[PDB]
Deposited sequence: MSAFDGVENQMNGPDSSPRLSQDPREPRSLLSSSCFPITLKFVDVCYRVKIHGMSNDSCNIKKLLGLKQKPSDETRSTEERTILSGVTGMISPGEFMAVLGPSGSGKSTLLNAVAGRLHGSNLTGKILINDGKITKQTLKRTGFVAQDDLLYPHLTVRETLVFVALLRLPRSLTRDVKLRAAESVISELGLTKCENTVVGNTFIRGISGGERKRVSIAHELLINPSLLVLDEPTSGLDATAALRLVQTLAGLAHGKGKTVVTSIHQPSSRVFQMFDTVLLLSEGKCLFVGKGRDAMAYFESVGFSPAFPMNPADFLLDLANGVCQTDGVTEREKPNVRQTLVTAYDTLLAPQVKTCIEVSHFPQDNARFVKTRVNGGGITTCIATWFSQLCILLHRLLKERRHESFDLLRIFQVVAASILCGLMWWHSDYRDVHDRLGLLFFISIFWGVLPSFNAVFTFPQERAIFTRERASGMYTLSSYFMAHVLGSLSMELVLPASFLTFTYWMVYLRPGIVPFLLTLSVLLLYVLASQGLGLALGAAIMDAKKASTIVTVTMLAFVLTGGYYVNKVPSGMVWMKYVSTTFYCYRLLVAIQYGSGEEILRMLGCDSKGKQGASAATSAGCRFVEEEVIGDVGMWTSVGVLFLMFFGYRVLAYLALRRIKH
């Protein structure tokens, strides 16, 4: 598609600092424009004003694409590639590119044509022989730093753009790998007729002879406009010449210095639940978190080994250690989930992949399945060695109360990690609040003063501890017959169905508060 983007007299008056007291230039369907500039001058600010990302009263002037006003009809052929590559570190580059193909292509299509649009751009950007390996990151062994940039170009080569605005794709990799990355970017403009605009930070010699047009600014007044072939011939015609052998870009960069709709949702949920699945079995099934529960299963199962139910005080410290360990450990690991993906969510929600309702419910329903495997293997091991109340009905009620308490405490981490978006500023308040939940849980203090008894009814550990006792002992009423004390500890408080009906109001109410916390982001 023909995209002839030109822009007359671009202005910028950011916080008052002047940025562009200028800009003008033409790009063409076949002109690989490279925007060259010094550090912090005008490079990325022009790119976001060209690609429509920044707007408002700060922008002045016409940014006409195909001599047409910027609306979002003119933004389906855009495809701005940002500098930081935000990928999920466990998906294969097949999986990274098919899951974005099902998400950001139009829905009125087939599963297989949105499987071959993602298989075309995998053998077009040179990812075909690394296509079975994990993406990874600085920890997980994965693809290269040049191949990580090729995936993020394919994230925008799926809306089929004619205007492709890369923002420094060469900053951070090799010389023989940022060479091959540009002839692919030049091959899209020469061999496919696209209109590529890039901003190389500092080129090489055979990266500058690969640019079609070079638009160069000093600090916002567009010194050169024209072909980079003809870049020298303009300045010796005006009065500046290199006095020693230079790469032609490096001669101009210091001269810039001056030195010389229901089915739509439930499949968006299904794609975001299968994409975000290896991310939810690396959190929940971490080998240090498996060892933190395998060790807590042997310590709890040897210190309370073959325990008698007549020792009532030994049991109430077993059902409060269980209420401590599964209200601290789920609520702590749930505070990092939303800060770790605020960068990936904010980019992909803006590119029309989802709408934060199907993203939040893919984090809720994806963590209601992996967080229930380790407490269900803890309480299976430490019920028939610890000798709790025998019978499938007291066992499955101990499981149903623990697995509801694990999820009701996990929602406290999701609500605090979303209100406070820092992963360490909210990791403190989630241990301060869980300290006020254990102290008022009814085990350490029994003579609570008149004025701190409203703090136990909002506690999450209170309702699990009152339920774990009432399954094992009951309403009292028979341990007294076997003991011949246990009414201040075992009997007199909120009931059994008020302690389930608030652990469901703390289940749902902490995820409604988490979603309302993620609503000004």
Stretches of deposited sequence not represented by any CA atom are 1-35, 51-79, 325-381, 606-623, 661-662
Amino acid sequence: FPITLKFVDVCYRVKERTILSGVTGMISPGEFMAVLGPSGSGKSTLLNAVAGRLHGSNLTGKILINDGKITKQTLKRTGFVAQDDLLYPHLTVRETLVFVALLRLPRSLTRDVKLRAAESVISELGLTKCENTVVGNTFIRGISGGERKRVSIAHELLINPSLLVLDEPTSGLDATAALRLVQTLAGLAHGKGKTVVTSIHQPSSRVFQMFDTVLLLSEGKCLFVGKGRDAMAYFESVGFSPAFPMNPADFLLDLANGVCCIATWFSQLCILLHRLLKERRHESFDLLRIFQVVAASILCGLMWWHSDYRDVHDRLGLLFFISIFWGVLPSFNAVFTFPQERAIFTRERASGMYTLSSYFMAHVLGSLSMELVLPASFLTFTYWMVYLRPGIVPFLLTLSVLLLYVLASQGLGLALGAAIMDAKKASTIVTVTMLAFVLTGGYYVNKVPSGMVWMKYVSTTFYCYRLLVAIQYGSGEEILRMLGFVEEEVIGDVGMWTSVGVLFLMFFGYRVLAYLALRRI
From here on, numbers count along this sequence of modelled residues.
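Rigid core: the largest C-alpha set superposing within 1.5 Å between the two forms.
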With the rigid core as the fit reference, the stretch showing the greater C-alpha departure in 6 other deposited structures of this protein, 268-276 or 380-388, is 380-388
334-342 or 444-452, the stretch lying farther from the shown form in 6 other deposited structures of this protein by root mean square CA distance over structures and residues, after core fitting, is 444-452
Between us, would residue 35 come up missing in a third or more of the other compared entries? no
**Other compared entries missing residue 494, a third or more** = no
